[PDB]
Amino acid sequence: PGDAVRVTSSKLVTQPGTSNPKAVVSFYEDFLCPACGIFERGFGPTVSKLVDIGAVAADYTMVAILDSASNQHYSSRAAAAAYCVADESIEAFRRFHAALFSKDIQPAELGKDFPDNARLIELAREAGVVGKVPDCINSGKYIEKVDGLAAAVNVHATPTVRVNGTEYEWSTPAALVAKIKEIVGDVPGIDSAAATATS
């Protein structure tokens, strides 16, 4: 998946003869982007159920298009923190990625304070990891990578969603599930994925 964090479960359905997922949903997101927050709060539970029943691989590329000195470089620090978390644990990344887009945490784009690195570290702890994450965050390990990411993957707007490489104009979670079903068919649980309330 390249510069993305790939989230899958043991049940992942793959193309015959290969270990390639039958269905890949690609997300390009900025942790400071308000629409991304609404999108993830609205689709996250469905995508998590799709992953867990094995219907999709969910690939997350966290760009930093909104990053600026005026937001205390939150967009880049948050994305880089997420890559640090994924190095330790994909399960923790799922929780951390969801947490940063929650209503309690996602900062006002034009506000006067933003989670500092200590706060990002504490959020990673809550998502279930310490390990190398504190050093990874404090050293700015993935800052250069996330700053170059929008250019490297040629995505300049967020959120950008694709299904098997095809850009997807999203509306409802159920509509996304219908599209996945067209690809994977009757994966057990797929009908229930549509009506997933929480993650």
# chains A, B, ... in the order shown; residues from 1 in each chain; ligands from 1
$ select_by_dssp --residues "segment 18-96 of chain A" --states "strand (DSSP E or B)" --output "PyMOL selection string"
chain A and resi 21+24-29+57-62
$ write_last_selection --atoms "N, CA, C and O atoms" --output "CSV table (one decimal), in the first residue's frame"
chain,number,residue,atom,x,y,z
A,21,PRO,N,-6.0,-8.0,-1.4
A,21,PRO,CA,-7.4,-7.9,-1.0
A,21,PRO,C,-8.3,-7.8,-2.2
A,21,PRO,O,-7.9,-7.2,-3.2
A,24,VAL,N,-10.1,-2.7,-1.7
A,24,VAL,CA,-9.3,-1.8,-0.9
A,24,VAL,C,-9.9,-0.4,-0.9
A,24,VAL,O,-10.2,0.1,-2.0
A,25,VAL,N,-10.2,0.1,0.3
A,25,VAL,CA,-10.7,1.4,0.4
A,25,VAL,C,-9.6,2.3,0.9
A,25,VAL,O,-9.0,2.0,1.9
A,26,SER,N,-9.2,3.3,0.0
A,26,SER,CA,-8.1,4.2,0.3
A,26,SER,C,-8.7,5.5,0.8
A,26,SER,O,-9.6,6.1,0.2
A,27,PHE,N,-8.1,6.0,1.9
A,27,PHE,CA,-8.5,7.3,2.5
A,27,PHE,C,-7.3,8.2,2.6
A,27,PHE,O,-6.2,7.8,3.0
A,28,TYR,N,-7.5,9.4,2.1
A,28,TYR,CA,-6.5,10.4,2.2
A,28,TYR,C,-7.1,11.5,3.0
A,28,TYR,O,-8.1,12.1,2.7
A,29,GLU,N,-6.5,11.8,4.2
A,29,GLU,CA,-7.1,12.6,5.3
A,29,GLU,C,-6.0,13.5,5.9
A,29,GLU,O,-4.8,13.3,5.9
A,57,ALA,N,-9.6,-4.2,2.9
A,57,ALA,CA,-8.4,-3.5,3.5
A,57,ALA,C,-8.7,-2.0,3.5
A,57,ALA,O,-9.2,-1.5,2.5
A,58,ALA,N,-8.5,-1.4,4.6
A,58,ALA,CA,-8.6,0.0,4.7
A,58,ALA,C,-7.2,0.7,4.8
A,58,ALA,O,-6.5,0.4,5.7
A,59,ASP,N,-6.9,1.5,3.8
A,59,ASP,CA,-5.5,2.1,3.7
A,59,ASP,C,-5.6,3.6,4.0
A,59,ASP,O,-6.3,4.3,3.3
A,60,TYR,N,-4.9,4.0,5.0
A,60,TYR,CA,-5.0,5.4,5.5
A,60,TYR,C,-3.7,6.1,5.2
A,60,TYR,O,-2.6,5.7,5.6
A,61,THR,N,-3.8,7.2,4.5
A,61,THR,CA,-2.7,8.1,4.2
A,61,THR,C,-3.0,9.4,4.8
A,61,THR,O,-4.0,10.1,4.4
A,62,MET,N,-2.2,9.8,5.8
A,62,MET,CA,-2.5,11.0,6.6
A,62,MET,C,-1.5,12.1,6.1
A,62,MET,O,-0.4,12.2,6.5
$ closest_atom_pairs --of "segment 24-87 of chain A" --to "segment 164-185 of chain A" --cutoff "12 Å" --atoms "only C-alpha atoms" --output "JSON lines"
{"residue": "A:24", "atom": "CA", "partner": "A:164", "partner_atom": "CA", "distance": 5.1}
{"residue": "A:25", "atom": "CA", "partner": "A:164", "partner_atom": "CA", "distance": 6.3}
{"residue": "A:26", "atom": "CA", "partner": "A:165", "partner_atom": "CA", "distance": 7.4}
{"residue": "A:27", "atom": "CA", "partner": "A:167", "partner_atom": "CA", "distance": 10.1}
{"residue": "A:28", "atom": "CA", "partner": "A:167", "partner_atom": "CA", "distance": 11.1}
{"residue": "A:35", "atom": "CA", "partner": "A:170", "partner_atom": "CA", "distance": 12.0}
{"residue": "A:36", "atom": "CA", "partner": "A:170", "partner_atom": "CA", "distance": 11.9}
{"residue": "A:38", "atom": "CA", "partner": "A:171", "partner_atom": "CA", "distance": 11.6}
{"residue": "A:39", "atom": "CA", "partner": "A:170", "partner_atom": "CA", "distance": 9.1}
{"residue": "A:40", "atom": "CA", "partner": "A:173", "partner_atom": "CA", "distance": 10.5}
{"residue": "A:41", "atom": "CA", "partner": "A:173", "partner_atom": "CA", "distance": 10.8}
{"residue": "A:42", "atom": "CA", "partner": "A:173", "partner_atom": "CA", "distance": 7.3}
{"residue": "A:43", "atom": "CA", "partner": "A:173", "partner_atom": "CA", "distance": 5.6}
{"residue": "A:44", "atom": "CA", "partner": "A:173", "partner_atom": "CA", "distance": 8.9}
{"residue": "A:45", "atom": "CA", "partner": "A:173", "partner_atom": "CA", "distance": 8.9}
{"residue": "A:46", "atom": "CA", "partner": "A:173", "partner_atom": "CA", "distance": 6.4}
{"residue": "A:47", "atom": "CA", "partner": "A:173", "partner_atom": "CA", "distance": 8.3}
{"residue": "A:48", "atom": "CA", "partner": "A:173", "partner_atom": "CA", "distance": 11.4}
{"residue": "A:49", "atom": "CA", "partner": "A:177", "partner_atom": "CA", "distance": 10.2}
{"residue": "A:50", "atom": "CA", "partner": "A:177", "partner_atom": "CA", "distance": 8.0}
{"residue": "A:51", "atom": "CA", "partner": "A:180", "partner_atom": "CA", "distance": 11.3}
{"residue": "A:53", "atom": "CA", "partner": "A:184", "partner_atom": "CA", "distance": 11.4}
{"residue": "A:54", "atom": "CA", "partner": "A:184", "partner_atom": "CA", "distance": 9.7}
{"residue": "A:55", "atom": "CA", "partner": "A:184", "partner_atom": "CA", "distance": 6.6}
{"residue": "A:56", "atom": "CA", "partner": "A:180", "partner_atom": "CA", "distance": 7.9}
{"residue": "A:57", "atom": "CA", "partner": "A:164", "partner_atom": "CA", "distance": 9.9}
{"residue": "A:58", "atom": "CA", "partner": "A:164", "partner_atom": "CA", "distance": 10.4}
{"residue": "A:59", "atom": "CA", "partner": "A:164", "partner_atom": "CA", "distance": 10.6}
$ closest_residue --among "A:79, A:91, A:197, A:110" --to "residue 149 of chain A" --atoms "only C-alpha atoms"
A:79
$ closest_residue --among "A:85, A:195, A:143, A:120" --to "residue 106 of chain A" --atoms "only C-alpha atoms"
A:120
$ select_by_dssp --residues "chain A" --states "alpha helix (DSSP H)" --output "count of residues only"
89
$ residues_around --residues "residue 142 of chain A" --least-positions-apart "2" --cutoff "10 Å" --atoms "only C-alpha atoms" --output "list in words"
residues 76, 77, 78, 79, 80, 81, 82, 83, 84, 136, 137, 139, 140, 144, 145, 146 and 147 of chain A
$ residues_around --residues "residue 153 of chain A" --least-positions-apart "2" --cutoff "10 Å" --atoms "only C-alpha atoms" --output "mmCIF file with N, CA, C and O atoms, in the first residue's frame"
data_model
loop_
_atom_site.group_PDB
_atom_site.id
_atom_site.type_symbol
_atom_site.label_atom_id
_atom_site.label_comp_id
_atom_site.auth_asym_id
_atom_site.auth_seq_id
_atom_site.Cartn_x
_atom_site.Cartn_y
_atom_site.Cartn_z
ATOM 1 N N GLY A 2 2.164 1.166 0.133
ATOM 2 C CA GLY A 2 3.079 2.292 0.009
ATOM 3 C C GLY A 2 3.203 3.166 1.246
ATOM 4 O O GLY A 2 3.711 2.735 2.282
ATOM 5 N N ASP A 3 2.735 4.409 1.121
ATOM 6 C CA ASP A 3 2.829 5.406 2.188
ATOM 7 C C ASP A 3 1.610 5.373 3.118
ATOM 8 O O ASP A 3 1.420 6.260 3.955
ATOM 9 N N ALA A 4 0.762 4.375 2.929
ATOM 10 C CA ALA A 4 -0.463 4.266 3.690
ATOM 11 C C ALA A 4 -0.276 3.288 4.842
ATOM 12 O O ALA A 4 0.592 2.435 4.805
ATOM 13 N N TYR A 28 -7.494 9.418 2.112
ATOM 14 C CA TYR A 28 -6.471 10.450 2.200
ATOM 15 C C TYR A 28 -7.098 11.547 3.038
ATOM 16 O O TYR A 28 -8.126 12.121 2.663
ATOM 17 N N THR A 61 -3.780 7.228 4.464
ATOM 18 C CA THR A 61 -2.659 8.096 4.176
ATOM 19 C C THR A 61 -3.009 9.433 4.814
ATOM 20 O O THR A 61 -3.967 10.096 4.437
ATOM 21 N N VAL A 63 -2.079 12.969 5.255
ATOM 22 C CA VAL A 63 -1.331 14.088 4.698
ATOM 23 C C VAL A 63 -1.410 15.277 5.655
ATOM 24 O O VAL A 63 -2.124 15.225 6.665
ATOM 25 N N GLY A 148 5.867 15.948 3.036
ATOM 26 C CA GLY A 148 6.040 15.677 1.619
ATOM 27 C C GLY A 148 4.963 14.774 1.023
ATOM 28 O O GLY A 148 4.944 14.526 -0.179
ATOM 29 N N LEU A 149 4.064 14.283 1.859
ATOM 30 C CA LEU A 149 3.130 13.244 1.439
ATOM 31 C C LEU A 149 2.098 13.670 0.371
ATOM 32 O O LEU A 149 1.881 12.934 -0.587
ATOM 33 N N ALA A 150 1.450 14.823 0.531
ATOM 34 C CA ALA A 150 0.445 15.256 -0.455
ATOM 35 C C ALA A 150 1.034 15.297 -1.872
ATOM 36 O O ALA A 150 0.420 14.832 -2.856
ATOM 37 N N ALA A 151 2.240 15.836 -1.966
ATOM 38 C CA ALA A 151 2.971 15.900 -3.220
ATOM 39 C C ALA A 151 3.366 14.517 -3.729
ATOM 40 O O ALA A 151 3.184 14.206 -4.912
ATOM 41 N N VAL A 155 -2.230 13.993 -3.982
ATOM 42 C CA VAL A 155 -3.581 14.257 -3.455
ATOM 43 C C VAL A 155 -3.523 15.572 -2.714
ATOM 44 O O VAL A 155 -2.708 15.755 -1.818
ATOM 45 N N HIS A 156 -4.401 16.491 -3.079
ATOM 46 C CA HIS A 156 -4.261 17.871 -2.640
ATOM 47 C C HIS A 156 -5.541 18.379 -2.021
ATOM 48 O O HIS A 156 -5.708 19.572 -1.824
#
$ atom_distance --atom1 "atom CA of residue 6 of chain A" --atom2 "atom CA of residue 105 of chain A"
23.3 Å
$ atom_distance --atom1 "atom CA of residue 196 of chain A" --atom2 "atom CA of residue 96 of chain A"
19.3 Å
$ atom_distance --atom1 "atom CA of residue 97 of chain A" --atom2 "atom CA of residue 192 of chain A"
23.1 Å
$ residues_around --residues "residue 72 of chain A" --least-positions-apart "3" --cutoff "9 Å" --atoms "only C-alpha atoms" --output "PyMOL selection string"
chain A and resi 67-69+75+77+112-116
$ closest_residue --among "A:102, A:193, A:86, A:186" --to "residue 132 of chain A" --atoms "only C-alpha atoms"
A:86
$ decode --residues "segment 146-163 of chain A" --atoms "N, CA, C and O atoms" --output "CSV table (one decimal), in the first residue's frame"
chain,number,residue,atom,x,y,z
A,146,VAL,N,5.4,13.3,6.4
A,146,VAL,CA,4.1,13.7,6.2
A,146,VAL,C,4.0,15.1,5.5
A,146,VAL,O,3.1,15.3,4.7
A,147,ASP,N,5.0,15.9,5.7
A,147,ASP,CA,5.1,17.2,5.0
A,147,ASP,C,5.2,17.0,3.5
A,147,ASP,O,4.7,17.8,2.7
A,148,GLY,N,5.9,15.9,3.0
A,148,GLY,CA,6.0,15.7,1.6
A,148,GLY,C,5.0,14.8,1.0
A,148,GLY,O,4.9,14.5,-0.2
A,149,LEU,N,4.1,14.3,1.9
A,149,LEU,CA,3.1,13.2,1.4
A,149,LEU,C,2.1,13.7,0.4
A,149,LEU,O,1.9,12.9,-0.6
A,150,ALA,N,1.5,14.8,0.5
A,150,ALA,CA,0.4,15.3,-0.5
A,150,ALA,C,1.0,15.3,-1.9
A,150,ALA,O,0.4,14.8,-2.9
A,151,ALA,N,2.2,15.8,-2.0
A,151,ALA,CA,3.0,15.9,-3.2
A,151,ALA,C,3.4,14.5,-3.7
A,151,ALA,O,3.2,14.2,-4.9
A,152,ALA,N,3.9,13.7,-2.8
A,152,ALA,CA,4.3,12.3,-3.2
A,152,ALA,C,3.2,11.4,-3.7
A,152,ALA,O,3.4,10.6,-4.6
A,153,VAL,N,2.0,11.6,-3.1
A,153,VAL,CA,0.9,10.7,-3.5
A,153,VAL,C,-0.1,11.5,-4.5
A,153,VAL,O,-1.1,10.9,-4.9
A,154,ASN,N,0.2,12.8,-4.8
A,154,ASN,CA,-0.6,13.6,-5.7
A,154,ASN,C,-2.0,13.7,-5.3
A,154,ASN,O,-2.9,13.4,-6.0
A,155,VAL,N,-2.2,14.0,-4.0
A,155,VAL,CA,-3.6,14.3,-3.5
A,155,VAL,C,-3.5,15.6,-2.7
A,155,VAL,O,-2.7,15.8,-1.8
A,156,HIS,N,-4.4,16.5,-3.1
A,156,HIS,CA,-4.3,17.9,-2.6
A,156,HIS,C,-5.5,18.4,-2.0
A,156,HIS,O,-5.7,19.6,-1.8
A,157,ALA,N,-6.4,17.5,-1.7
A,157,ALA,CA,-7.7,17.8,-1.1
A,157,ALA,C,-8.1,16.6,-0.2
A,157,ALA,O,-7.8,15.4,-0.6
A,158,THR,N,-8.7,16.9,0.9
A,158,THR,CA,-9.2,15.8,1.8
A,158,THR,C,-10.6,16.2,2.3
A,158,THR,O,-11.0,17.3,2.3
A,159,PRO,N,-11.4,15.1,2.6
A,159,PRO,CA,-11.0,13.7,2.5
A,159,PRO,C,-11.1,13.3,1.0
A,159,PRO,O,-11.9,13.8,0.3
A,160,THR,N,-10.2,12.4,0.6
A,160,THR,CA,-10.3,11.8,-0.7
A,160,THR,C,-10.4,10.3,-0.4
A,160,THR,O,-9.6,9.7,0.3
A,161,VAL,N,-11.5,9.7,-1.0
A,161,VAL,CA,-11.8,8.3,-0.8
A,161,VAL,C,-11.7,7.5,-2.2
A,161,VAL,O,-12.3,8.0,-3.1
A,162,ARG,N,-11.1,6.4,-2.2
A,162,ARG,CA,-11.1,5.5,-3.4
A,162,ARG,C,-11.5,4.1,-3.1
A,162,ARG,O,-11.2,3.6,-2.0
A,163,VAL,N,-12.2,3.5,-4.0
A,163,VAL,CA,-12.5,2.1,-3.9
A,163,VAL,C,-11.8,1.4,-5.0
A,163,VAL,O,-12.1,1.6,-6.2
